[PDB]
Amino acid sequence: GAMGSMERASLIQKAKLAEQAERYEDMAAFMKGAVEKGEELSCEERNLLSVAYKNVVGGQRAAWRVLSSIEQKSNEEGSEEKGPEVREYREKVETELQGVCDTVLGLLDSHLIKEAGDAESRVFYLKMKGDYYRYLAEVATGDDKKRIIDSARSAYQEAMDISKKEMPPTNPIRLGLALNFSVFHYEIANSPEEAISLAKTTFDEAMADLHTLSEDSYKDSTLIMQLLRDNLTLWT
Amino acid sequence: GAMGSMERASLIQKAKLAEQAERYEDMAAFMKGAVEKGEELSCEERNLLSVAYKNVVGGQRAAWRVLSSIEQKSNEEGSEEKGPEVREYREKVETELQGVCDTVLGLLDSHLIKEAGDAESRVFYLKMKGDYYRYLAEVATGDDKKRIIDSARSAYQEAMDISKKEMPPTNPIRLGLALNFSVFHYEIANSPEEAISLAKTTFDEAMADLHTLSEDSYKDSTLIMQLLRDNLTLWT
Amino acid sequence: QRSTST
Amino acid sequence: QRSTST
Ligand SMILES: [Cl-]
Ligand SMILES: [Cl-]
Ligand SMILES: [Mg+2]
Ligand SMILES: [Mg+2]
Ligand SMILES: [Mg+2]
Ligand SMILES: [Mg+2]
Ligand SMILES: [Mg+2]
Ligand SMILES: [Mg+2]
């Protein structure tokens, strides 16, 4: 693509500069270029990829939610007709958001997931796949909504199965996967009991394994455990 | 442009939605489209234009400063050679920033300023012209730097001359112009004494005119007066 | 407060 | 602290 003439190492260096500059669309474009070199990604590089796109899509999701809220209010009894503009602009943001999700899913399918054999990489990419289908599901309203939801579920479930076999209960990737799959259950799948049960079980199994950890791993794990607790407190 | 087929009123409505969504590049693009309809802008519309581009360029300036700082550090004794990437990426951000400034300056020249006859509009646009030349001057290092600096000075000075004749000392546009011209003196023109004198005089003349104002105008004016005070405290 | 993800 | 503009 536009990044085809740039060295892999240079793309990764520039992604790191972009992150420092809070230039996340640039960071995402550099990391896309790095993925498209065809080599597998290191742990650090996977995390750059994730951070870049999470920031890009997160801003799009937040904008979408503002615009959706205005649109919903426009459709209430006694609201003055204002024309097509709110819908059109929400649609514009939505289409851009869908395009970013499709980009990420495309990188995962061509060819990050098929090349990922270690649990660290495979679980990470399948979690990503679940997350970006989840973002698609947040804005879906048509005939494919159930299939989009099922695609997120399937990716998360594959990731969960691997992580339970291959990772300790404190592993931060495992914990973050469980966190996000619980959010899927609560926010997308209309399954708050499943969400609560997964978060509880995850938290408790992690707690029981903290004794095995170094101080620095303890910190890493407990930070994500607190996010599980935050959701449990919100949900109960 | 891409906005040519959209109604003026729709562009302005969408600019307001974009602002609510914190989608400032979209806001800027909608307002550019609105300007290119060829009609003069109302007070509210001028302010939408300003807010949009200020936010866009402000983020670019902040990124540029991060990257410039890293580049300067790379050029210190005992710093390891890391290749061309820092310079290249700083250059990329710089070129984008220059392009936004050139866009704004182009709208002012074609044809906002020549059509602006009321002091409110004319001063506002000339202040904008000074500001965007000032942003160009922040990144200038070549043979044209002195001409860029002089272009900012000239625009600000024209704006000051009009505002002193045609506006009360408390007018918020007049005050913001003086604030920014003082920043120009301090940060760009190597004239800290001029900066301090302008901010002092501006503040004091505004203070003496507050008695003429309604409560709401008082609020408006005093908010900008406090910014003058903030700079004076920083600079002295 | 929204649900927290990571 | 940077200089403040508006
Ligand atoms: Cl639109
Ligand atoms: Cl670059
Ligand atoms: Mg190579
Ligand atoms: Mg009515
Ligand atoms: Mg749609
Ligand atoms: Mg028309
Ligand atoms: Mg050395
Ligand atoms: Mg340059």
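Count begins at 1; order follows the chain as displayed.
Looking at the header, which is where the method is noted, we find X-ray crystallography, 1.0 Å.
Quick reminder: no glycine exception, Cβ is built from N, Cα and C everywhere.
In the PDB entry this protein carries:
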| type | residues | note |
| --- | --- | --- |
| SEQADV | A:1-5 | expression tag |
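Lifted from Swiss-Prot, the feature list:
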| type | residues | note |
| --- | --- | --- |
| MOD_RES | A:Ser10 | phosphoserine |
| SITE | A:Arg61 | site 'Interaction with phosphoserine on interacting protein' |
| MOD_RES | A:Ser79 | phosphoserine |
| SITE | A:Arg134 | site 'Interaction with phosphoserine on interacting protein' |
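This view paints the features noted in Swiss-Prot onto the structure.
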residue  : record                                                       : DSSP class
A:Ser10  : phosphoserine                                                : helix
A:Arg61  : site 'Interaction with phosphoserine on interacting protein' : helix
A:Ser79  : phosphoserine                                                : coil
A:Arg134 : site 'Interaction with phosphoserine on interacting protein' : helix
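Note on the recorded sites A:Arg61, A:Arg134: the fewest other CB atoms within 10 A surround the CB of A:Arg61. Counted within 10 Å of its Cβ, the other Cβ atoms near A:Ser10 (phosphoserine) come to 18, all protein chains included. Taking H, G and I as helix, E and B as strand and the rest as coil, DSSP gives the expression tag (A:1-5) the counts 0 helix, 0 strand, 5 coil. Of all the Cβ atoms in the protein chains shown, 10 others lie within 10 Å of the Cβ of A:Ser79 (phosphoserine). When the C-beta distance to chain B is held to under 8 angstroms, the recorded positions A:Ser10, A:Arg61, A:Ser79, A:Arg134 reduce to A:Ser10, listed in sequence order. Annotated pair A:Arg134 (site 'Interaction with phosphoserine on interacting protein') and A:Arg61 (site 'Interaction with phosphoserine on interacting protein'), C-alpha to C-alpha distance, rounded: 11 Å. Geometry remark: A:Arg61 (site 'Interaction with phosphoserine on interacting protein') versus A:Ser10 (phosphoserine), CA distance 30 Å. When the alpha carbons of A:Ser10 (phosphoserine) and A:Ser79 (phosphoserine) are compared, the span between them is 53 angstrom.
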